[PDB]
Amino acid sequence: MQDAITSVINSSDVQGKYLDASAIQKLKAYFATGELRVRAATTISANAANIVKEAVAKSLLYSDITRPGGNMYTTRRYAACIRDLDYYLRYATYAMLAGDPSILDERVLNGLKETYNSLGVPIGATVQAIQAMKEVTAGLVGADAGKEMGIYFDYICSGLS
Amino acid sequence: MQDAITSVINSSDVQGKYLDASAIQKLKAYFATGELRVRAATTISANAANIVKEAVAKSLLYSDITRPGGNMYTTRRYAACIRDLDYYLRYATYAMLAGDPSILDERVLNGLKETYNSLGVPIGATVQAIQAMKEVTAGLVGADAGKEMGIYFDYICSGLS
Amino acid sequence: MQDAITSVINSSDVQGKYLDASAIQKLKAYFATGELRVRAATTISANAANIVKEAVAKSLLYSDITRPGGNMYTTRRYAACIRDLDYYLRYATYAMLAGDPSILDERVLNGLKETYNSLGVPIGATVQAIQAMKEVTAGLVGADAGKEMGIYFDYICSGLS
Amino acid sequence: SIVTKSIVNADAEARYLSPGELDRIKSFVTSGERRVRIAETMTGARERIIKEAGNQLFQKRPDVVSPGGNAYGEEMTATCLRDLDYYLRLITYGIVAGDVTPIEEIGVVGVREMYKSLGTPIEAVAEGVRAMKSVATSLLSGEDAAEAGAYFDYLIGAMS
Amino acid sequence: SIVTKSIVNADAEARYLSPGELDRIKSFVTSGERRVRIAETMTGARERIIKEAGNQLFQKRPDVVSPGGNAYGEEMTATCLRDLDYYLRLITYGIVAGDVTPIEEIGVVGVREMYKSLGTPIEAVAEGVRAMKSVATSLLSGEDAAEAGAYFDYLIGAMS
Amino acid sequence: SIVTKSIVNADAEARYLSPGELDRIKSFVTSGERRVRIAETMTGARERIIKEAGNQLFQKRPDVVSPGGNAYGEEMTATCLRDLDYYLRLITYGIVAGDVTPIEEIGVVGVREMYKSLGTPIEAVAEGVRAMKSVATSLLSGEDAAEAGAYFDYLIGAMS
Amino acid sequence: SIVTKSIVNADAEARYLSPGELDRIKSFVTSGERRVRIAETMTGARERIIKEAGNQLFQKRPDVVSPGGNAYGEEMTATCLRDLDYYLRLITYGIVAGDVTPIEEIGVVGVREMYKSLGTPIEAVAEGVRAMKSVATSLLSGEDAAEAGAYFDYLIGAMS
Amino acid sequence: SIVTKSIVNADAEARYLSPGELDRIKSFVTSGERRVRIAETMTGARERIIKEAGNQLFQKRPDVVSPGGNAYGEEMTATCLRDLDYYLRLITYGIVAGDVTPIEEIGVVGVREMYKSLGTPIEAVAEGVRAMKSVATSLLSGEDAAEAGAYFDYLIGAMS
Amino acid sequence: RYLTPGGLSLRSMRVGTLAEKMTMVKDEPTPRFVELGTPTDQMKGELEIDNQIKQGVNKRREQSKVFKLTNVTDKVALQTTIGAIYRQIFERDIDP
Ligand SMILES: *[C@H](C)[C@H]1/C(=C/c2[nH]c(/C=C3N=C(/C=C4\NC(=O)C(CC)=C4C)C(C)=C\3CCC(=O)O)c(CCC(=O)O)c2C)NC(=O)[C@@H]1C
Ligand SMILES: *[C@H](C)[C@H]1/C(=C/c2[nH]c(/C=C3N=C(/C=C4\NC(=O)C(CC)=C4C)C(C)=C\3CCC(=O)O)c(CCC(=O)O)c2C)NC(=O)[C@@H]1C
Ligand SMILES: CCC1=C(C)/C(=C/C2=NC(=C\c3[nH]c(/C=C4\NC(=O)[C@H](C)[C@H]4CC)c(C)c3CCC(=O)O)/C(CCC(=O)O)=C2C)NC1=O
Ligand SMILES: CCC1=C(C)/C(=C/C2=NC(=C\c3[nH]c(/C=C4\NC(=O)[C@H](C)[C@H]4CC)c(C)c3CCC(=O)O)/C(CCC(=O)O)=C2C)NC1=O
Ligand SMILES: CCC1=C(C)/C(=C/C2=NC(=C\c3[nH]c(/C=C4\NC(=O)[C@H](C)[C@H]4CC)c(C)c3CCC(=O)O)/C(CCC(=O)O)=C2C)NC1=O
Ligand SMILES: CCC1=C(C)/C(=C/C2=NC(=C\c3[nH]c(/C=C4\NC(=O)[C@H](C)[C@H]4CC)c(C)c3CCC(=O)O)/C(CCC(=O)O)=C2C)NC1=O
Ligand SMILES: CCC1=C(C)/C(=C/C2=NC(=C\c3[nH]c(/C=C4\NC(=O)[C@H](C)[C@H]4CC)c(C)c3CCC(=O)O)/C(CCC(=O)O)=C2C)NC1=O
Ligand SMILES: CCC1=C(C)/C(=C/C2=NC(=C\c3[nH]c(/C=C4\NC(=O)[C@H](C)[C@H]4CC)c(C)c3CCC(=O)O)/C(CCC(=O)O)=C2C)NC1=O
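This is the structure:
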């Protein structure tokens, strides 16, 4: 629903005004980052299955959670946890290409705290995995897009915890 | 509750870094305008009962809202409405002298929207009185302070609506 | 031999590290002035018989170094002296274009102070010639690029003296 | 914004954005400042647009100002130009967005009921947007006015 | 800061702040340029304080870095210089804010329960900031070292 | 670099620079703002590359790490992964020069005579680099594939 | 095709075409000549890419033509390189259709059962198209390695 | 041409052409039409750029018109226009090739041994062609007078 | 093709041309107390405030003064405590 171009539109809409001078340069600030967000989103989409498989090995394996009793023990749950982590990556590349972090509250963090509390998912192990994921995808996109990617993980990461 | 000094010290604290020159030129920017801030507090505190009274005289009374059927008809609701407008004037000076709108976000804009729905007071007539107030201070505190003073008045209008 | 990119590689090669964020701004300061130096060389070469003309006109002509009791006097020694002044200008074009004075220290400053005592030509007139060449050049090219050309002029004058 | 509906089309099939859509993003962005000066002519001449569009509104359908209708009288005709002001603000958003979804989220998805519950016939409204079509495209060079004309005509097709 | 500490002092009594308190703000900001000059030379000499005040600490008290002590090993000596480096960051924070309150709200609420649990002696960590005081005042001039030294003395005063 | 051999080609004729190669210097320095962006991506994922280029090498030629081979041992691979780690340092030097002479002066010239002496096979270290080429071009997009793979090509064709 | 991706989405919501979708078709038409000529040099190099692809397959994965594999004997490998020709048969209109979906009809929706039903390993033919990946884009221009290599990512990721 | 300078730059080291060098050729093709627009502005405005700038040379150097010098009023100053017209013809040969060598091989290689045998000051030709290209840069634009500016200044530095 | 070894000292032992001959800079790294102090996250934007005011003691319980009554024969110190009783028991102003 809420984009970045729509954000300066909808703030201008409820005033009933038009595109003012401050509303244009903020809108042109999104275009100046336009080559960065497109080129980084091609890089993550080409390396989706490798940025996931490093992030689970960096934080989650060889612990209590991959042993019996842990929440990623069985082959249902460890195959679920890759998919349940891969939605955090794919929607974060939506929020970079949108340029606004409000796509996460519409479609990721809505009932997510109510699920994992009812499921017995360790939220603090999830937020450790996304925090390990945020470092390794900063090395694949460079330091310019690494700040813009690094914001939108920690909008997910504070919605969990 | 922050400051221009505190929200740069603590913002550099939680990064773990020392005082950058970009943080230092923000710190000296507040230090240049300090005689503007301390003189603006004294003028607003002088005629604070007077600076409310023109702002009600343009926007609210001799209308339907003083007439019965309006919200602030009775004398309890009229004397509360001056007091509920006094907080918007007084905490804006605390928002001015700190150089940060975090006074408003912690102890003015916490639950202000739900209280106004629960009481039947119109939000739109209140914020229209604030725009009556944000011009009458600018013709009274001076030119340079009133451009700075109205910005924290607009932080109320960005939150109330 | 080496230039501003090869040296900052060779400064970061012998440490064994990669190109850090402490050496990329050595390249980024070079690449920002990359378009400035190439316009500086293309006005040197178009005026290269006039920079050497106006340099000797303030120091050596009508003096008594070109008297018959003088070093310059025979026209074999004149046309060498313009050419020995040609090779100070043309390599000063190179080091400004390279951004590093290493080409000066290999070929111009090879044994030049020890040739001149072995020949008998004066050194104290030569520093007066190149410092007369410096004030002609910075007026012709521009006060930006005349500053960086003035370093590589005086680097020869540091080596002669 | 085109970056809104190119996400929700990729979110509908649980997919990443295809590189056949990534060049639609990038060529929108680098040509995005072209869309700014198109929209600056709209807000720069909004009083010009609203004056010489409503006159021919009462020439192709001259009976809306007649009595027995909605827009008879000075206050009641002023709600038409109040509603004419509310249209071209969205098409100013529609030029800049690249997609028509600010016009979808604000000003079309209830017009089919909210006007016959107010008393304004859509066939008179659909003339009033196309009366603006003859003057808003005329206030811009026809290369840039061709794609500028390619947004509010969707609203007339969503009225008719 | 003194601006934060005087707003909330005036917020509980719920009136505009007095000119006796406003003049203390005016003396704070007019001396604001000098206190950044105290801090910005300490941050530029950040590495050449902690390496020497650490080496003055272990020479003065050797049982800490000795084996069997807490800070034995190249890792444990390194993390027991960050425990000194963290206080030099807060002292430069307290110099900018003018008061000791960004140290009191950060550094020294529960040190006697922190280092009792971690095993380091609290008497020895108060010796290191005394070595930090004797290093940093030597790197500052004659007049300005007295106002910087009071915030060094409060840190030793909180641990002892 | 381009600039350090456009000097030498112009110095040995004792001429000034022709304006044809002054285009070549001027197009090089405005390409400097994007070539270092390739090198920051390459050094950011060196441990993702070197671990993967080892496992793509040792599956292909398993005789060198099986005993009886030269890289047999726990630490002898750790030098031989380091001996392949050096070519990732030089290719990032060759990326930011736009050239191949920092590959040449550092990692080409006597590379036949080292591995003849140490005993490792000269093609077996070359097959790691094309295994390193397949992962490092998979790190980047399409327009950085040929600009990085050209310097990868020159190190393969020199050693083999 | 890209027109199919729009006019079944607008068919579902019983609507016309949004002009944000219509400029995706307009940018497709202008980029048709850049897209068709990639397939023209793919059709010229039809009998080129397949030859080393088996040589990239069988030198890394030799188990199929070893005794104990499905592609054993010269009759079976002549059909196996013919089956890799079928995937290149599929690819050269993927850079005509603009996106995946004719590959999605004819290539990937039965491949996980049929190659399993024909006794072949599914990873080996998934290896055979990603070994084809390096020797196809390098055989064409440097900018269009992202274009022609885009539909190779669908063929890799569906089988593997 | 810039194609022709590129091959002999690669043939001296016996090499195929670098893909960074083909970027200079591919940029030359897409900017090939712009240089033809540069050249027609010179040939169209030839009769105002020659009689003016030669008169600027005669105002800067009035030695030329006076008897005893090289020129004289009836045709010798007229034939110093056509000996100046040849170089403007050679610049237009040079800018459509993107290369220096159409200025070189027709009008540089033996000019000193020519004009000593002809009895003109070669430096006055260089000051005359400096007066020619001072007004040529102000003719067309400020953008196109820079990369055509790089071929103007070479002939100044060829006479002396 | 060749050059005398005394002549190579004339060519390459200068100040500018020495970094390509032997080691010259030898960069000491970041000391280990500095790299233990970074939060392994060198950049952060909006989530600065997420770690700032949003730590769990809502810095309203350490930022608020209390009122004593040691000064019963003082008069202006009495008056701001009586208002503090009014603004904590009824916790609005009792003026309207
Ligand atoms: C006056 C311009 C408008 C108006 C106002 C009106 N407001 C109130 C009541 C309240 N306002 C507040 C708000 C705050 N109290 C605080 O301490 C702070 C922070 C400093 C804020 C922002 C509260 C808490 C109340 C009332 C709750 C209570 O009384 O317990 C009223 C009284 C409503 C009533 O029914 O008593 C009125 C009338 N009304 C108008 O018509 C004007 C538009
Ligand atoms: C070769 C790289 C791999 C391999 C190939 C192999 N295939 C067959 C026989 C068939 N393969 C297919 C598969 C397709 N046919 C198609 O037209 C398409 C595109 C639409 C596909 C994916 C089919 C239908 C056959 C049957 C014969 C036919 O082509 O119609 C064999 C022969 C097996 C046999 O029992 O005869 C072989 C060896 N096998 C491998 O090991 C490689 C991984
Ligand atoms: C860049 C590499 C390079 C260097 C270093 C170089 C140096 C150089 N300068 C020289 C001579 C000379 N140098 C001068 C000096 C001057 N002219 C004057 O009249 C002034 C007094 C003074 C400078 C202001 C003179 C007069 C000679 C000729 C000496 C002679 O012929 O006796 C000579 C002796 C050559 C000869 O005389 O046959 C050499 C080698 N040539 C080169 O290519
Ligand atoms: C952007 C989203 C949006 C829409 C859709 C909208 C419609 C809208 N049109 C209205 C009135 C009106 N609308 C018209 C319509 C017209 N005038 C004519 O003559 C023509 C036939 C026709 C349009 C070309 C008229 C005459 C009124 C006044 C009706 C009345 O007062 O009863 C009103 C009530 C008065 C008001 O504007 O406050 C609304 C809410 N307002 C909005 O903010
Ligand atoms: C900014 C506020 C702040 C403080 C005060 C702080 C203290 C602090 N010191 C620690 C460790 C430590 N601190 C020391 C320090 C010392 N050992 C000695 O004996 C000397 C007396 C002394 C230094 C002069 C040592 C050795 C450890 C490691 C404890 C251990 O490994 O047993 C730890 C646990 C590991 C770590 O995070 O570093 C904390 C949290 N951290 C903070 O963020
Ligand atoms: C940047 C220029 C540069 C090069 C070329 C270089 C090569 C290099 N490789 C070495 C060793 C080695 N290199 C290998 C490498 C391999 N073994 C294999 O089977 C594989 C084919 C291959 C790598 C994938 C092995 C096993 C040794 C140890 C040799 C021994 O100890 O006998 C050593 C000796 C160890 C040392 O001095 O640190 C050097 C100097 N060093 C450099 O600084
Ligand atoms: C494109 C390569 C090219 C060049 C450059 C060229 C030059 C050229 N310049 C010439 C003459 C001349 N050029 C001049 C020029 C000058 N005298 C002055 O006072 C001025 C300083 C100066 C020029 C501004 C004069 C006076 C003559 C005639 C000389 C004579 O007739 O004795 C002539 C002899 C007559 C003719 O055929 O025009 C040639 C061939 N020919 C070529 O093929
Ligand atoms: C007896 C039942 C009971 C419990 C358990 C309890 C806990 C409790 N922990 C608190 C704060 C806290 N609790 C923690 C503890 C932690 N944070 C971490 O990161 C670690 C995972 C963890 C400890 C190892 C911290 C750090 C605060 C400080 C809040 C602040 O930042 O201001 C607070 C608020 C202030 C305080 O009283 O300290 C309560 C009330 N209260 C109770 O009535």
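Residue numbers (the working numbering), protein chains in the order written: chain R, 1 to 161; chain S, 162 to 322; chain A, 323 to 483; chain U, 484 to 643; chain E, 644 to 803; chain X, 804 to 963; chain H, 964 to 1123; chain L, 1124 to 1283; chain V, 1284 to 1379.
Where a beta carbon is used, it is the ideal one built from N, C-alpha and C, also for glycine.
The beta-carbon of X/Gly945 is placed no less than 7 Å from the nearest beta-carbon of chain L. Annotation: the continuous alpha helix (DSSP H) that includes A/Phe353 extends over 346-354.
Contact of S/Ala240 with chain V is assigned, a C-beta pair being separated by under 7 Å. Using beta-carbon distances, X/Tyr957 does not count as an interface residue toward chain A, since no partner is under 7 Å.
With the criterion CB distance below 5 Å from any heavy atom of ligand 4, the matching residues run U/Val547, U/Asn553, U/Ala554, U/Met559, U/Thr562, U/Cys563, U/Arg565, U/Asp566, U/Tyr569, U/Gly590, U/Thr603, U/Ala607, U/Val608, U/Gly611 along the chain. Linking H/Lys1079 to H/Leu1044 through their CA atoms gives a straight-line distance of about 18 Å. Using a Cβ distance threshold of 7 Å, L/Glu1144 and L/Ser1154 do not count as a contacting pair. A Cβ-Cβ distance of about 7 Å is found for the pair E/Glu690 and V/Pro1314, placing them in contact under the 8 Å criterion.
Looking at the backbone, the Cα of H/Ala1034 and that of R/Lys147 are separated by about 50 Å.
The C-alpha of U/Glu588 lies about 15 Å from the C-alpha of U/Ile578.
For L/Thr1260 and H/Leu980, the gap between their C-alpha atoms comes out near 51 Å. Look at R/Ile151: its C-beta is under 7 Å from a C-beta on chain V. If only uninterrupted alpha helix (DSSP H) runs of at least 4 residues are considered, those enclosed by the stretch 741-775 of chain E are 744-747, 754-761.
For U/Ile508, the closest of U/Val548, U/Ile605, U/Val486 by C-alpha to C-alpha distance is U/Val486.
Excluding the 5 residues flanking it on each side, R/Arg37 has same chain C-beta neighbours closer than 8 Å at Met96, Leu97, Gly99, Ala145, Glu148, in chain order.
Within chain R, the residues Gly34, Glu35, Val38, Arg39 have their CB atoms less than 9 Å from the CB of U/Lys509, given in chain order. Taking C-beta atoms as the reference points, A/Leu482 and A/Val449 count as a pair closer than 7 Å. The closest CA to that of E/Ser784, considering only E/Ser670, E/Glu656, E/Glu676, E/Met685, is found on E/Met685. DSSP places U/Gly515 in the helix class (H, G or I) of the three-state scheme.
Beta-carbon to beta-carbon, X/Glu926 and X/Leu860 are separated by about 11 Å, too far to satisfy the 8 Å threshold. Residue state for V/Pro1288 is assigned as helix, using DSSP reduced to three classes. Residue nearest to A/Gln324 within the set V/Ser1292, V/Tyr1285, V/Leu1286, V/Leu1301 is V/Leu1301 (criterion: CA-CA distance).
Between the alpha carbons of R/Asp154 and V/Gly1339 lies a distance of about 18 Å. Identification of chain X residues near R/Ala143 by a Cβ-Cβ cut-off of 9 Å yields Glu843, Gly847, ordered along the chain. When the alpha-carbon of A/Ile373 is set against those of A/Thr415, A/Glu428, A/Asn439, A/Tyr438, the nearest one is in A/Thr415. L/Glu1163 counts as exposed, since fewer than 16 other beta carbons sit within 10 angstroms of its beta carbon.
Listed along chain V, the residues sitting closer than 7 Å to S/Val175 by beta-carbon distance are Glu1331, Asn1334, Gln1335.
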